[PDB]
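**Student:** Take a look at upload.csv, CSV, N, CA and C atoms:
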chain,number,residue,atom,x,y,z
A,1,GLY,N,-19.0,-39.4,0.2
A,1,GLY,CA,-18.5,-38.3,-0.6
A,1,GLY,C,-18.6,-36.9,0.1
A,2,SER,N,-18.2,-35.9,-0.6
A,2,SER,CA,-18.2,-34.5,-0.1
A,2,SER,C,-18.6,-33.5,-1.2
A,3,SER,N,-18.8,-32.3,-0.8
A,3,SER,CA,-19.1,-31.2,-1.7
A,3,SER,C,-18.9,-29.8,-1.0
A,4,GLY,N,-18.4,-28.9,-1.8
A,4,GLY,CA,-18.2,-27.5,-1.3
A,4,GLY,C,-19.2,-26.5,-1.9
A,5,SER,N,-18.7,-25.8,-2.9
A,5,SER,CA,-19.6,-24.8,-3.6
A,5,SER,C,-19.9,-23.6,-2.6
A,6,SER,N,-18.9,-23.2,-1.8
A,6,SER,CA,-19.1,-22.2,-0.8
A,6,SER,C,-18.0,-21.1,-1.0
A,7,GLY,N,-18.3,-19.9,-0.6
A,7,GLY,CA,-17.3,-18.8,-0.7
A,7,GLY,C,-17.9,-17.5,-0.3
A,8,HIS,N,-17.6,-16.4,-1.1
A,8,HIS,CA,-18.1,-15.1,-0.9
A,8,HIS,C,-17.6,-14.6,0.5
A,9,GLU,N,-16.3,-14.9,0.8
A,9,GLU,CA,-15.8,-14.4,2.1
A,9,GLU,C,-14.5,-13.6,1.9
A,10,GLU,N,-14.0,-13.0,2.9
A,10,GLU,CA,-12.8,-12.2,2.8
A,10,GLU,C,-11.6,-13.0,2.3
A,11,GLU,N,-10.9,-12.4,1.4
A,11,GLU,CA,-9.7,-13.1,0.8
A,11,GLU,C,-8.4,-12.6,1.5
A,12,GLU,N,-8.0,-13.4,2.5
A,12,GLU,CA,-6.8,-13.1,3.2
A,12,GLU,C,-6.6,-11.6,3.4
A,13,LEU,N,-7.7,-10.9,3.4
A,13,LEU,CA,-7.7,-9.4,3.6
A,13,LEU,C,-8.5,-9.0,4.9
A,14,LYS,N,-8.3,-7.8,5.4
A,14,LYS,CA,-8.9,-7.3,6.5
A,14,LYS,C,-8.7,-5.8,6.7
A,15,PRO,N,-9.9,-5.1,7.0
A,15,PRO,CA,-9.8,-3.7,7.1
A,15,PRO,C,-9.1,-3.2,8.4
A,16,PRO,N,-8.5,-2.0,8.3
A,16,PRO,CA,-7.8,-1.5,9.5
A,16,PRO,C,-8.7,-1.1,10.6
A,17,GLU,N,-8.2,-1.0,11.8
A,17,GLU,CA,-8.9,-0.6,13.0
A,17,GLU,C,-8.7,0.8,13.4
A,18,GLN,N,-7.4,1.2,13.3
A,18,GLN,CA,-7.1,2.6,13.6
A,18,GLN,C,-5.8,3.0,12.8
A,19,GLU,N,-5.8,4.3,12.4
A,19,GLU,CA,-4.7,4.9,11.7
A,19,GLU,C,-3.4,4.6,12.4
A,20,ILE,N,-2.4,4.0,11.7
A,20,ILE,CA,-1.1,3.7,12.2
A,20,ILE,C,-0.1,4.7,11.8
A,21,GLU,N,1.2,4.5,12.2
A,21,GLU,CA,2.2,5.4,11.8
A,21,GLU,C,3.3,4.7,11.0
A,22,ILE,N,3.8,5.4,10.0
A,22,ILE,CA,4.9,4.9,9.1
A,22,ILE,C,6.0,5.8,9.0
A,23,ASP,N,7.2,5.3,8.8
A,23,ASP,CA,8.4,6.1,8.6
A,23,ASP,C,8.9,6.0,7.2
A,24,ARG,N,9.0,7.2,6.5
A,24,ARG,CA,9.5,7.3,5.2
A,24,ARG,C,11.0,7.1,5.1
A,25,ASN,N,11.7,7.0,6.2
A,25,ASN,CA,13.1,6.8,6.3
A,25,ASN,C,13.5,5.5,7.0
A,26,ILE,N,12.5,4.8,7.5
A,26,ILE,CA,12.7,3.5,8.2
A,26,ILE,C,11.8,2.5,7.7
A,27,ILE,N,12.3,1.3,7.5
A,27,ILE,CA,11.5,0.1,7.1
A,27,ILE,C,11.3,-0.9,8.2
A,28,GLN,N,10.2,-0.9,8.8
A,28,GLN,CA,9.9,-1.8,9.9
A,28,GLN,C,9.3,-3.1,9.4
A,29,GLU,N,9.5,-4.2,10.1
A,29,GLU,CA,8.9,-5.5,9.7
A,29,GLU,C,7.5,-5.3,9.2
A,30,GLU,N,6.7,-4.4,9.9
A,30,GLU,CA,5.3,-4.2,9.5
A,30,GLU,C,5.1,-4.1,8.0
A,31,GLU,N,6.0,-3.3,7.4
A,31,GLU,CA,5.9,-3.1,5.9
A,31,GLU,C,6.5,-4.3,5.2
A,32,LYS,N,7.6,-4.8,5.7
A,32,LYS,CA,8.3,-6.0,5.1
A,32,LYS,C,7.4,-7.2,5.1
A,33,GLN,N,6.4,-7.2,6.0
A,33,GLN,CA,5.5,-8.4,6.0
A,33,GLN,C,4.5,-8.2,4.9
A,34,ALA,N,4.3,-7.0,4.4
A,34,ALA,CA,3.3,-6.8,3.3
A,34,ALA,C,4.1,-6.6,2.0
A,35,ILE,N,5.3,-6.1,2.1
A,35,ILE,CA,6.1,-5.9,0.9
A,35,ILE,C,7.4,-6.7,0.9
A,36,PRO,N,7.3,-8.0,1.3
A,36,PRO,CA,8.5,-8.9,1.4
A,36,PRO,C,9.1,-9.2,0.0
A,37,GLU,N,8.3,-8.9,-1.0
A,37,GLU,CA,8.7,-9.2,-2.4
A,37,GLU,C,9.9,-8.4,-2.8
A,38,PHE,N,9.9,-7.1,-2.3
A,38,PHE,CA,11.0,-6.2,-2.6
A,38,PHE,C,12.2,-6.5,-1.6
A,39,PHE,N,12.0,-7.3,-0.6
A,39,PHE,CA,13.0,-7.7,0.3
A,39,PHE,C,13.5,-9.2,0.1
A,40,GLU,N,12.9,-9.8,-0.9
A,40,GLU,CA,13.3,-11.2,-1.2
A,40,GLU,C,14.7,-11.3,-1.6
A,41,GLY,N,15.2,-10.5,-2.5
A,41,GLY,CA,16.6,-10.6,-2.9
A,41,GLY,C,16.8,-10.7,-4.4
A,42,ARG,N,15.7,-10.3,-5.2
A,42,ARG,CA,15.8,-10.3,-6.6
A,42,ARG,C,16.6,-9.2,-7.2
A,43,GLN,N,16.9,-9.3,-8.5
A,43,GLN,CA,17.7,-8.3,-9.1
A,43,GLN,C,16.8,-7.2,-9.7
A,44,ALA,N,15.6,-7.5,-9.9
A,44,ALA,CA,14.6,-6.5,-10.4
A,44,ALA,C,13.9,-5.7,-9.2
A,45,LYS,N,13.6,-6.5,-8.1
A,45,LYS,CA,13.0,-5.9,-7.0
A,45,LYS,C,14.0,-5.5,-5.9
A,46,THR,N,14.1,-4.2,-5.6
A,46,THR,CA,15.0,-3.7,-4.6
A,46,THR,C,14.3,-3.0,-3.5
A,47,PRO,N,14.9,-3.0,-2.3
A,47,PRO,CA,14.3,-2.3,-1.1
A,47,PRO,C,14.4,-0.8,-1.2
A,48,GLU,N,15.4,-0.3,-2.0
A,48,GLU,CA,15.6,1.1,-2.2
A,48,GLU,C,14.5,1.7,-3.1
A,49,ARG,N,14.0,0.8,-4.0
A,49,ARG,CA,13.0,1.3,-5.0
A,49,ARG,C,11.6,1.3,-4.3
A,50,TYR,N,11.4,0.4,-3.4
A,50,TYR,CA,10.1,0.3,-2.7
A,50,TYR,C,9.9,1.6,-1.9
A,51,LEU,N,10.9,2.2,-1.4
A,51,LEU,CA,10.8,3.4,-0.6
A,51,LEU,C,10.4,4.6,-1.5
A,52,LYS,N,11.2,4.8,-2.6
A,52,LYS,CA,10.9,5.9,-3.5
A,52,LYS,C,9.4,6.0,-3.8
A,53,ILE,N,8.9,4.9,-4.2
A,53,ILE,CA,7.4,4.8,-4.6
A,53,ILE,C,6.6,5.1,-3.3
A,54,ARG,N,6.8,4.4,-2.2
A,54,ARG,CA,6.1,4.7,-1.0
A,54,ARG,C,6.0,6.2,-0.7
A,55,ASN,N,7.2,6.7,-0.4
A,55,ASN,CA,7.3,8.1,0.0
A,55,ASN,C,6.4,9.0,-0.8
A,56,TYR,N,6.3,8.7,-2.1
A,56,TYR,CA,5.4,9.5,-3.0
A,56,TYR,C,4.0,9.3,-2.6
A,57,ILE,N,3.5,8.1,-2.5
A,57,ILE,CA,2.2,7.8,-2.1
A,57,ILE,C,1.8,8.5,-0.7
A,58,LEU,N,2.6,8.1,0.3
A,58,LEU,CA,2.4,8.6,1.6
A,58,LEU,C,2.3,10.1,1.6
A,59,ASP,N,3.1,10.7,0.7
A,59,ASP,CA,3.1,12.2,0.6
A,59,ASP,C,1.8,12.7,-0.1
A,60,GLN,N,1.4,12.1,-1.2
A,60,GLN,CA,0.2,12.5,-1.9
A,60,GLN,C,-1.0,12.3,-1.0
A,61,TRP,N,-1.1,11.2,-0.3
A,61,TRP,CA,-2.2,10.9,0.6
A,61,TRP,C,-2.6,12.2,1.4
A,62,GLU,N,-1.6,12.8,2.1
A,62,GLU,CA,-1.8,14.0,2.9
A,62,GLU,C,-2.1,15.2,2.0
A,63,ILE,N,-1.5,15.2,0.8
A,63,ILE,CA,-1.7,16.3,-0.1
A,63,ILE,C,-3.1,16.4,-0.5
A,64,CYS,N,-3.9,15.3,-0.4
A,64,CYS,CA,-5.3,15.3,-0.7
A,64,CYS,C,-6.2,15.2,0.5
A,65,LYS,N,-5.7,14.5,1.5
A,65,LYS,CA,-6.4,14.3,2.8
A,65,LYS,C,-7.1,15.6,3.2
A,66,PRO,N,-8.1,15.5,4.0
A,66,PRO,CA,-8.7,14.2,4.4
A,66,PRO,C,-9.3,13.4,3.3
A,67,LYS,N,-9.5,14.1,2.1
A,67,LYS,CA,-10.1,13.5,1.0
A,67,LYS,C,-9.3,12.2,0.6
A,68,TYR,N,-10.0,11.3,-0.2
A,68,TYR,CA,-9.4,10.0,-0.6
A,68,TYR,C,-8.4,10.3,-1.7
A,69,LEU,N,-7.5,9.3,-1.8
A,69,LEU,CA,-6.4,9.4,-2.8
A,69,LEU,C,-6.4,8.2,-3.7
A,70,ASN,N,-6.7,8.4,-5.0
A,70,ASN,CA,-6.8,7.3,-6.0
A,70,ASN,C,-5.4,7.0,-6.5
A,71,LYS,N,-5.1,5.7,-6.7
A,71,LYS,CA,-3.8,5.2,-7.2
A,71,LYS,C,-3.6,5.7,-8.6
A,72,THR,N,-4.7,6.1,-9.3
A,72,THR,CA,-4.6,6.5,-10.7
A,72,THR,C,-3.9,7.9,-10.8
A,73,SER,N,-3.8,8.6,-9.6
A,73,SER,CA,-3.1,9.9,-9.6
A,73,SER,C,-1.6,9.8,-9.4
A,74,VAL,N,-1.2,8.6,-8.9
A,74,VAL,CA,0.2,8.4,-8.6
A,74,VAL,C,0.8,7.4,-9.6
A,75,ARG,N,-0.1,6.7,-10.3
A,75,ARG,CA,0.3,5.7,-11.3
A,75,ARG,C,1.3,6.3,-12.3
A,76,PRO,N,0.8,7.3,-13.0
A,76,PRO,CA,1.6,8.0,-14.0
A,76,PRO,C,2.8,8.8,-13.4
A,77,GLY,N,2.6,9.2,-12.2
A,77,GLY,CA,3.6,9.9,-11.5
A,77,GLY,C,4.9,9.2,-11.3
A,78,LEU,N,4.8,7.9,-10.8
A,78,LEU,CA,5.9,7.1,-10.6
A,78,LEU,C,5.9,5.9,-11.6
A,79,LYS,N,5.6,6.2,-12.9
A,79,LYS,CA,5.5,5.1,-13.9
A,79,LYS,C,6.9,4.6,-14.2
A,80,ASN,N,7.9,5.4,-13.9
A,80,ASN,CA,9.3,5.1,-14.2
A,80,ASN,C,9.8,4.1,-13.1
A,81,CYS,N,9.6,4.4,-11.8
A,81,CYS,CA,10.0,3.5,-10.8
A,81,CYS,C,9.1,2.3,-10.7
A,82,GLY,N,9.6,1.1,-11.0
A,82,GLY,CA,8.9,-0.1,-11.0
A,82,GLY,C,7.7,-0.2,-12.0
A,83,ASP,N,6.7,-1.0,-11.8
A,83,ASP,CA,5.6,-1.1,-12.7
A,83,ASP,C,4.3,-1.0,-12.0
A,84,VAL,N,3.2,-1.1,-12.7
A,84,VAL,CA,1.9,-1.0,-12.1
A,84,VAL,C,1.6,-2.1,-11.1
A,85,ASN,N,2.1,-3.3,-11.5
A,85,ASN,CA,1.9,-4.5,-10.6
A,85,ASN,C,2.5,-4.1,-9.2
A,86,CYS,N,3.5,-3.4,-9.1
A,86,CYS,CA,4.2,-3.0,-7.9
A,86,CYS,C,3.4,-1.8,-7.2
A,87,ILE,N,3.2,-0.8,-8.0
A,87,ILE,CA,2.5,0.4,-7.5
A,87,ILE,C,1.3,0.0,-6.7
A,88,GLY,N,0.5,-0.9,-7.3
A,88,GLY,CA,-0.7,-1.3,-6.6
A,88,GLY,C,-0.4,-2.0,-5.2
A,89,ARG,N,0.6,-2.8,-5.2
A,89,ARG,CA,1.0,-3.5,-4.0
A,89,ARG,C,1.2,-2.5,-2.9
A,90,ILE,N,2.1,-1.6,-3.1
A,90,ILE,CA,2.4,-0.6,-2.1
A,90,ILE,C,1.2,0.2,-1.7
A,91,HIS,N,0.6,0.9,-2.6
A,91,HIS,CA,-0.6,1.7,-2.4
A,91,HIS,C,-1.6,0.9,-1.6
A,92,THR,N,-2.1,-0.2,-2.2
A,92,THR,CA,-3.1,-1.0,-1.5
A,92,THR,C,-2.7,-1.2,0.0
A,93,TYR,N,-1.6,-2.0,0.2
A,93,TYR,CA,-1.1,-2.3,1.5
A,93,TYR,C,-1.3,-1.1,2.4
A,94,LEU,N,-0.6,-0.1,2.2
A,94,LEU,CA,-0.6,1.1,3.0
A,94,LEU,C,-2.1,1.5,3.3
A,95,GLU,N,-3.0,1.2,2.3
A,95,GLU,CA,-4.4,1.5,2.5
A,95,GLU,C,-5.0,0.5,3.4
A,96,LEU,N,-4.6,-0.7,3.4
A,96,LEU,CA,-5.1,-1.8,4.3
A,96,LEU,C,-4.7,-1.5,5.7
A,97,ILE,N,-3.5,-1.0,5.9
A,97,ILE,CA,-3.0,-0.7,7.3
A,97,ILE,C,-3.6,0.6,7.8
A,98,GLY,N,-4.1,1.4,6.9
A,98,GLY,CA,-4.7,2.7,7.4
A,98,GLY,C,-3.7,3.8,7.2
A,99,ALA,N,-2.4,3.5,7.1
A,99,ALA,CA,-1.4,4.6,6.9
A,99,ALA,C,-1.9,5.7,6.0
A,100,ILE,N,-2.7,5.3,5.0
A,100,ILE,CA,-3.3,6.2,4.0
A,100,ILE,C,-4.7,5.9,3.8
A,101,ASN,N,-5.5,7.0,3.6
A,101,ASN,CA,-6.9,6.8,3.3
A,101,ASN,C,-7.6,6.0,4.4
A,102,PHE,N,-7.4,6.5,5.6
A,102,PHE,CA,-8.0,5.8,6.8
A,102,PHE,C,-9.5,6.1,6.8
A,103,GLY,N,-10.3,5.1,7.3
A,103,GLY,CA,-11.7,5.3,7.4
A,103,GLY,C,-12.3,6.0,6.3
A,104,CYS,N,-12.6,5.3,5.2
A,104,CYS,CA,-13.2,5.9,4.0
A,104,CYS,C,-13.9,4.9,3.1
A,105,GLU,N,-15.1,5.2,2.8
A,105,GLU,CA,-16.0,4.3,2.0
A,105,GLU,C,-15.3,4.1,0.6
A,106,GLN,N,-14.3,4.9,0.3
A,106,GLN,CA,-13.6,4.8,-1.0
A,106,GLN,C,-12.3,4.0,-0.8
A,107,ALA,N,-12.4,2.9,-0.1
A,107,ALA,CA,-11.2,2.1,0.2
A,107,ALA,C,-11.3,0.8,-0.7
A,108,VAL,N,-10.3,-0.1,-0.4
A,108,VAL,CA,-10.2,-1.3,-1.2
A,108,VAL,C,-10.5,-2.5,-0.3
A,109,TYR,N,-10.8,-2.2,1.0
A,109,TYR,CA,-11.1,-3.3,2.0
A,109,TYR,C,-12.6,-3.3,2.3
A,110,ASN,N,-13.3,-2.2,2.3
A,110,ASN,CA,-14.7,-2.1,2.5
A,110,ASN,C,-15.5,-2.6,1.3
A,111,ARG,N,-15.0,-2.3,0.1
A,111,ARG,CA,-15.6,-2.8,-1.1
A,111,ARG,C,-16.1,-4.2,-1.0
Before we go any further, please render this structure as structure tokens.
**Tutor:**
Amino acid sequence: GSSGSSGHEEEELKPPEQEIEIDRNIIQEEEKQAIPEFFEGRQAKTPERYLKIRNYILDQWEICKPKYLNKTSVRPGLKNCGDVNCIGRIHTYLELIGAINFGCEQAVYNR
């Protein structure tokens, strides 16, 4: 027989090594690999909508930087574009890559 009962490890997640660069006018595979849902081809999820939201976040990030930027500050801001389930996807990702809130104890990867 066998037995597991093991865990408490990273969940398909990993903290950034160095602040990267992102284009608010260009969508590189880098982002598509994390936000492929908007590039799937659904009628609800569109690639044009993913940008609108992103641009906002990427913008706010610097608007507060170097200080940390909470998603709760942009949640209500772009409540019209998409939903919370999406907002988190973009925000988080960008945070995982470093594009936003780089090196900060107030991240979602260090937690």
**Student:** Which residue, A:18, A:98, A:73, A:82, has the smallest gap to residue 50 of chain A when you use only N, CA and C atoms?
**Tutor:**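 Using only N, CA and C atoms, residue 50 of chain A sits closest to A:82.
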**Student:** Please determine, counting only N, CA and C atoms, which residue among A:34, A:24, A:68, A:75 has the shortest atom-to-atom distance to residue 93 of chain A.
**Tutor:**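 Nearest candidate to residue 93 of chain A out of A:34, A:24, A:68, A:75: A:34.
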**Student:** Enumerate as JSON, numbers by chain all residues of segment 4-95 of chain A assigned to alpha helix (DSSP H) by DSSP on the backbone, naming them with the chain letters and numbers the document uses.
**Tutor:** {"A": [29, 30, 31, 32, 47, 48, 49, 50, 51, 52, 53, 54, 55, 56, 57, 58, 59, 60, 61, 62, 63, 64, 84, 85, 86, 87, 88, 89, 90, 91, 92, 93, 94, 95]}
**Student:** Write out as a compact mmCIF listing (two decimals) with N, CA and C atoms, in the coordinates of the input each polymer residue whose atoms come within 8 Å of residue 103 of chain A, counting all atoms listed in the file; drop sequence neighbours fewer than 6 positions from it.
**Tutor:**
# COMPACT_ATOMS: atom_id res chain seq x y z
N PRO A 16 -8.50 -2.00 8.30
CA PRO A 16 -7.80 -1.50 9.50
C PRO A 16 -8.70 -1.10 10.60
N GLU A 17 -8.20 -1.00 11.80
CA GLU A 17 -8.90 -0.60 13.00
C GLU A 17 -8.70 0.80 13.40
N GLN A 18 -7.40 1.20 13.30
CA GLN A 18 -7.10 2.60 13.60
C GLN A 18 -5.80 3.00 12.80
N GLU A 19 -5.80 4.30 12.40
CA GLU A 19 -4.70 4.90 11.70
C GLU A 19 -3.40 4.60 12.40
**Student:** Between atom CA of residue 8 of chain A and atom CA of residue 84 of chain A, what distance in Å does the model show, to one decimal?
**Tutor:**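 Separation of atom CA of residue 8 of chain A and atom CA of residue 84 of chain A: 26.9 Å.
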**Student:** Using all atoms listed in the file, which of the listed residues (A:1, A:81, A:111, A:22) sits closest to residue 53 of chain A?
**Tutor:**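 Looking only at the distances to residue 53 of chain A, the closest residue turns out to be A:81.
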**Student:** Excluding same-chain residues fewer than 2 positions from segment 104-109 of chain A, what lies within 7 Å of it counting only N, CA and C atoms, as a list in words?
**Tutor:**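 The residues that qualify are residues 13, 14, 15, 16, 68, 95, 96, 101, 102 and 111 of chain A.
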**Student:** Any idea what the distance is between atom CA of residue 27 of chain A and atom N of residue 60 of chain A?
**Tutor:**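 Interatomic distance here is 17.7 Å.
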**Student:** Using only C-alpha atoms, can you list as a list in words the residues within 9 Å of (0.9, 7.9, 0.6)?
**Tutor:**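 Residues with an atom at most 9 Å from (0.9, 7.9, 0.6): residues 53, 54, 55, 56, 57, 58, 59, 60, 61, 62, 63, 69, 91, 94, 95, 99, 100 and 101 of chain A.
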**Student:** To one decimal place in Å, what is the distance between atom N of residue 78 of chain A and atom C of residue 41 of chain A?
**Tutor:** 23.0 Å
**Student:** Taking into account only C-alpha atoms, which residue in the set A:35, A:87, A:20, A:26 is nearest to residue 72 of chain A?
**Tutor:**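 Checking each candidate against residue 72 of chain A, we get A:87 as the closest.
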